[PDB]
Amino acid sequence: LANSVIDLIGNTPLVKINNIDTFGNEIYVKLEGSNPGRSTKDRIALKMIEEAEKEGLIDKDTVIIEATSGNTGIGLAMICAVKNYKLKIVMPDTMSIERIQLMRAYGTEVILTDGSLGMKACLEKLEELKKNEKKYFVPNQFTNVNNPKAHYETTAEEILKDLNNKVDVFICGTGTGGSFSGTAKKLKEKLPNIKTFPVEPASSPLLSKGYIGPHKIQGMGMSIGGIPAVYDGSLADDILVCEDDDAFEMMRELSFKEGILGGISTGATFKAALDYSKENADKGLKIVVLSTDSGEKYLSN
Amino acid sequence: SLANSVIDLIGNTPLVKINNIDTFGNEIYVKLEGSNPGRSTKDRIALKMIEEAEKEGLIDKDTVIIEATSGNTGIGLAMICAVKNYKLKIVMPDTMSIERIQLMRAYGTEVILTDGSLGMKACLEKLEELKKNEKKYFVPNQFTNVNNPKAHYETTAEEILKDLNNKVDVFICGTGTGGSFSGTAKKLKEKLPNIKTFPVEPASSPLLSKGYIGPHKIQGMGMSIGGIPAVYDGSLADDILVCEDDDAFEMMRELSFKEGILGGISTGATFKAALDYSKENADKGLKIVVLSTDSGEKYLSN
Ligand SMILES: Cc1ncc(COP(=O)(O)O)c(CN[C@@H](CSC[C@H](N)C(=O)O)C(=O)O)c1O
Ligand SMILES: *N[C@@H](CSC[C@H](N)C(=O)O)C(=O)O
Ligand SMILES: [Ca+2]
Ligand SMILES: [Ca+2]
Ligand SMILES: [Ca+2]
Ligand SMILES: [Ca+2]
Ligand SMILES: [Ca+2]
Ligand SMILES: [Ca+2]
Ligand SMILES: [Ca+2]
Ligand SMILES: [Ca+2]
Ligand SMILES: [Ca+2]
Ligand SMILES: [Ca+2]
Ligand SMILES: [Ca+2]
Ligand SMILES: [Ca+2]
């Protein structure tokens, strides 16, 4: 028995790739779309809220407010439904309408900004929204240690346990950098020889080239006006990238060939991993790819 | 949770207690079949129908799988056929949530549509035409295949028994084929002879309770093949429960608002029928299990 959907967060499956040629290495996909809120962000939503509760920062009528590209808003929305907290989310208009559908299904209010101004514009609008709230809590996934700490405590430990401490490579898409950084931190503490790589959009190559641009790999990319504090670049063994169309194409390869329905970033992260496997062919590596969310919310895309 | 393929994620779904919505002094647990990798309970029947036909020698590498579905059986078949590399053709009514066609095509399915006004009967009739154009095929036929109710008899029911440590007073399940109701209820009544088991049908298509059909919006539920499906076993029904379209939508919304459970329209219908039952039997401490057939994401566009 689960006492609520909160008890279903985490413990997500790790699935082997069987039909796609992975070049003499084994690739496993950790399916964070299996979380009740359908993304890895259920983990950080829960930890940011639960630690804030313990620190006395959240009363029953505290309005939670967060800037998000969608999934952190959804995770927060589901958790706030269970906890009976009021949530307001600021997000860009460029993101999939299904993200909005999902947040509103849980009773969350959504405020929209111009997506051509990036997540920076979301954060600016959030400052305006604070002025009208008597009592609020901003989790701030861009700075909150409990974003990467969630992954350090659960996501990484699950990877280690399911693969019996035999993991050679971990590859993960980045937006805040929290899932990459928290998970890689724990993996590296337990497995000193593991290689860990972040992925970013080829069209928004901030970490690899020093500049941003518009891209279509929803959830990935860094658009707050700098590298987020929760991204730990020292963990990156190299920066991997993926083009927009290649990410969409790989999303369909995974669903057609493996029955894995992941999001656009899953396509991006998996393409990057498969390219890595190919460059490192026939080594017998155990490679883990984080799939951040499920593909159902991208059918309109 | 290391899996060899997504097929290994089918089943072992969670039972969640209802905490925030008033349940009138009985305990209601929802079995979340939306946790399946294909997002519905139909993954269980897709797997068993395919695996049994494989063992029978009815599916070779080049056998085309052909099925009539309202969506979820097609999605479950599509996901499994993607892993197994079988060619799948699905016939569905054009009146269902348009996420269904997209989901199915994402897995490689060929989707053929029939006039929704004609119901599933039109889908089944269209299969006759598809069969003439194929050298090798297998039709799972969820409406007649005993491996539909047997999948639930074998897995769904056992998980309910295990998770509640054989303490189950009432089981309430929505119907379309009637397979999830009938297979689960059969097992439960074998192990617990005092358990009450109830199917739910749409109030505006009350075939079982009033002997006629009509239009309804509770996608996946209702019986529109031109009679009661062979896999429905009405001898298991302690009563027939119903739900109106508006109440099903209202309760779908209340579940997501108050419990963070995003179930489909039929989950709203089944849960509403369960709440009505629990109110009629208020404060008896009954342990009531409601099967949530699918998750709600595919309905949120309308
Ligand atoms: C979302 C949803 N809820 C309930 C059901 C009913 O489950 P059982 O079939 O009774 O185990 C379904 C099943 N959907 C089937 C079609 S059932 C027949 C049609 N409703 C009809 O004759 O009109 C499917 O996915 O094909 C379901 O999907
Ligand atoms: N996936 C996150 C957002 S990460 C940062 C964003 N991609 C950016 O452009 O800065 C979420 O909010 O769900
Ligand atoms: Ca306080
Ligand atoms: Ca609310
Ligand atoms: Ca160490
Ligand atoms: Ca190193
Ligand atoms: Ca390209
Ligand atoms: Ca199994
Ligand atoms: Ca009471
Ligand atoms: Ca045999
Ligand atoms: Ca195929
Ligand atoms: Ca095909
Ligand atoms: Ca009514
Ligand atoms: Ca809608």
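Only heavy atoms go into these numbers, but all of them, side chains included; no hydrogens, no water, no symmetry mates. Lettering follows sequence order; numbering is per chain, from 1.
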Note to self: For chain A, which candidate among B/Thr109, B/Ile80, B/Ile7, B/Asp163 shows the most heavy-atom pairs at distances under 4.5 Å?
What the structure shows: B/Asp163
Notebook entry, point to check: Heavy-atom distance under 4.5 Å to chain B: side chain of A/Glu258, backbone, both or neither?
Noted result: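 The backbone, not the side chain.
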Check: Measuring heavy-atom distances to chain B, does A/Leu8 have an atom under 4.5 Å in its side chain, in its backbone, in both, or in neither?
Finding: side chain
Do any of [range] have a heavy atom less than 4.5 Å from a heavy atom of chain A, and if so, which, in residue order?
| range | value |
| --- | --- |
| residues 11-28 of chain B | B/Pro14, B/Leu15, B/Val16, B/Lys17, B/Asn19, B/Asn20 |
| residues 82-96 of chain B | B/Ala82, B/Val83, B/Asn85 |
| residues 71-79 of chain B | B/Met79 |

Notebook entry, point to check: What is the minimum heavy-atom distance between A/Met220 and A/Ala268, and which atoms define it?
Noted result: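 Closest approach of A/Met220 to A/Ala268: SD-CB, 4.1 Å.
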Check: Looking just at side-chain N and O atoms, do A/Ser255 and A/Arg252 make a donor-acceptor pair shorter than 3.5 Å?
Finding: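 Distance-only check fails for A/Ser255 and A/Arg252.
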Next item on the list: Is it possible for you to check whether B/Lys217 lies under 6.0 Å from the centre of the six-membered ring of B/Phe249, through NZ or CZ, and within 45° of that ring's axis?
Entry: no
Checklist line | Point-to-point distance, once rounded to the nearest 0.5 Å, from CD of B/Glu54 to CG of B/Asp60 | finding: 10.5 Å
Next item on the list: Please round to the nearest 0.5 Å and tell me the distance separating atom CD of B/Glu110 and atom CD1 of B/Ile66.
Entry: 9.5 Å
Margin query: Does anything in residues 28-39 of chain A reach chain B? List residues with heavy atoms under 4.5 Å apart, or say none.
Written below: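 If one takes a 4.5 Å heavy-atom cut-off, the residues of residues 28-39 of chain A near chain B are A/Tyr28, A/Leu31, A/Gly33, A/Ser34, A/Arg38.
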